[PDB]
Structures are given as structure tokens and as C-alpha cells.
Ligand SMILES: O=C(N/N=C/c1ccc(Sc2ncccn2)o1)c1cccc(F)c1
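Below sits a lone chain in C-alpha cells, taken as the form deposited without the named molecule.
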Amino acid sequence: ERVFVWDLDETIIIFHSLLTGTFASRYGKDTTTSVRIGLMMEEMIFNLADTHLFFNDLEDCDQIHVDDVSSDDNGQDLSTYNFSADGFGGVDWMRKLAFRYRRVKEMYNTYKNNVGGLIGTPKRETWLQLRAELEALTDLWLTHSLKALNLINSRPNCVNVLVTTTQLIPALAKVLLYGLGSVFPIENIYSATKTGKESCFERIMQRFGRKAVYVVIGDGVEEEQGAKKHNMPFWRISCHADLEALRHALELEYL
């Protein structure tokens, strides 16, 4: 019934604005602390993407959605499949592309509530420490967005979907590293990198039907214009206060 269509960066998470300096300036924080946290998280994202999610293979052939690849994939078990040795638009090539996304889906489902297990020790400890410094620097931004997401998650006829400008594979790494894996099924994540958000919003409406109420949440003009186009109510997150206000509305079931 209620489909919440979320944006990722500067809506649910603070990341890109740590690298650019704008979070620090807008929230009165130390620029040095901010960029350092951002750089460290950036490294963890690329490291996870490359090491576990085939990002070197998939970088120039990434998808809008994890189920997009059409191939003769027979569903064979890939737990002993040797990706490094398989030589990856023909039939064979598409099947190897499809294999990687199916495997990415398996990994995501296996490790969404065990990211520490996925990246291992000592990365796990560095990650947890970094996540704690992030919360302090951002005055609990992620803590607050998670509360909103989980509140929505707990309600019978509500669903969370994510539309991001980040390419799918690194977006998955971000989602994992920011603890968003348990709130977002991988099938509910869409990358607008090549296609633009409008097109993703249309996929979403096709999927959930013309009876659902779509609520668009984001800081950006692109999701706002997409919302307007399809008469979806829009809740702007222009600053942290807008997120707290969203939490109040959700608690009172105004949304």
C-alpha cells in the first residue's frame, strides 16, 4: 500500500558531503575530522566492492537492478565457481555477467546482517570504530534515518525502496557498510546512474501498482521533479531537522 522511495546520499547517509567539505561547513564541524572520516569510508567501500562484489569485472557493465541480466543461466550452484578463471555480448559472456549478479545477490543476503564477517578482522574493527566516529561527527544522522526506516519496516503494508545515483555495485557496498542491508532487500534497490531517477520511479510504479501510495524522500531536485511528474507526495530532506520532522510524522502515523 505505502511505498517509500528513498534517496541514499545526504538523505539516509552522510558520505559524499564529507569528501566535499559541505557537511562540515553546513553543520559547523571540523573540516579535517570530516574529510578524514569520508576518505576512510570511501576506501572501505571500494575495497569491499573490489574484493567481494566483482567490481573490477563489473565496473563498465553495471546494472540498474540486480535481476536485469538476461542469459541462459541455469541456476547452477556457484559456491565452487571460479570467477577468476572464467575469462570474463555473446551467450557465454552474458551468462558470466549473470553469474556475477546472482553471486552478488547471494553474498548480500548472506552478509547483510554480518558485514563484519564479510570483511573480516581487522577490517571489522576499523569499520566499527569508523562508524562510531561517523555518528559523533554527524550528530547521529544514520542512527536517526535507521530509526525512520525500521519504523516503516515494522508496518504491515509499507515498503522501503532505494533509488540512488551511485552505480549498483558500489551502492551495494555502501548499503552494507552503512548497516542498511537488513532494511533494504537487494530487489528493492535501483541504480539511476545511466538512466536517471525518473525511469527508476517508473519501474517502481509498474512493480507496486496504481493503487499504492508512493512517498518520495530526498534532498535532491531530481527525485523532487520525479515525484511531481507522477503526483507522488514529496518530503524534502534539506537538512537534519527535516529528517527529525519525518520521524515525528511517521511516529504519529501521518505518513
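By rigid core we mean the largest C-alpha set that fits within 1.5 Å across both forms. Numbering starts at 1 and follows the sequence shown.
Heads up, the form deposited with the named molecule bound isn't pictured, but that's what we're talking about next.
Enquirer: Just superimpose the C-alphas near the binding site, carry the named molecule over as positioned in the deposited bound form, and say whether the shown chain is open or blocked by the 2.4 Å backbone or C-beta rule (3+ atoms for blocked).
Expert: The pocket is blocked.
Enquirer: Which one, 49-57, 22-30, 203-211, 64-72, holds residues whose non-hydrogen atoms are within 4.5 Å of the named molecule in the deposited bound form?
Expert: This holds for exactly one stretch, 22-30.
Enquirer: Counting any non-hydrogen atom inside 4.5 Å, which residue from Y81, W141, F88, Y111 sits next to the named molecule in the deposited bound form?
Expert: Contact residue from the list: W141.
Enquirer: Note which of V161, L134, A173, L97 lies within 4.5 Å of the named molecule in the deposited bound form, where distance is taken over heavy atoms; exactly one does.
Expert: If I apply the 4.5 Å criterion carefully, the residue I get is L134.
Enquirer: Taking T11, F15 and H240 as the candidate spot, are all three within 4.5 angstroms of the named molecule in the deposited bound form by heavy atoms?
Expert: The answer is yes; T11, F15 and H240 each reach the named molecule.
Enquirer: Do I186 and the named molecule share at least one heavy atom pair within 4.5 Å in the deposited bound form?
Expert: No, no contact at 4.5 Å.
Enquirer: So in the deposited bound form, is the named molecule close enough to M41 to count as touching (4.5 Å, heavy atoms)?
Expert: So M41 counts as contacting the named molecule.
Enquirer: Flag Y178 as yes or no: does it have a non-hydrogen atom within 4.5 angstroms of any non-hydrogen atom of the named molecule in the deposited bound form?
Expert: Flag for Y178 set to yes.
Enquirer: On a core-based superposition, does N153 travel 2 Å or more at its Cα between the shown form and the other one?
Expert: No.
Enquirer: Is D72 one of the residues whose Cα moves 2 Å or more between the shown form and the other one, with the core superposed?
Expert: Yes; that C-alpha moves by at least 2 Å between the shown form and the other one.
Enquirer: Taking the rigid core as reference, does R236 move its C-alpha 2 Å or further between the shown form and the other one?
Expert: After core superposition, the displacement of the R236 C-alpha between the shown form and the other one stays below 2 Å, so no.
Enquirer: Since the CA distance of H65 and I13 differs by 3 Å or more in the deposited bound form, is it closer or farther than in the form displayed?
Expert: Compared with the form shown here, the C-alpha atoms of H65 and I13 sit closer together in the deposited bound form, by 3 Å or more.
Enquirer: Closer or farther: how do the Cα atoms of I13 and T164 compare in the deposited bound form versus the shown form, where the change is at least 3 Å?
Expert: Closer together, which means the C-alphas of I13 and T164 are at least 3 Å nearer in the deposited bound form.
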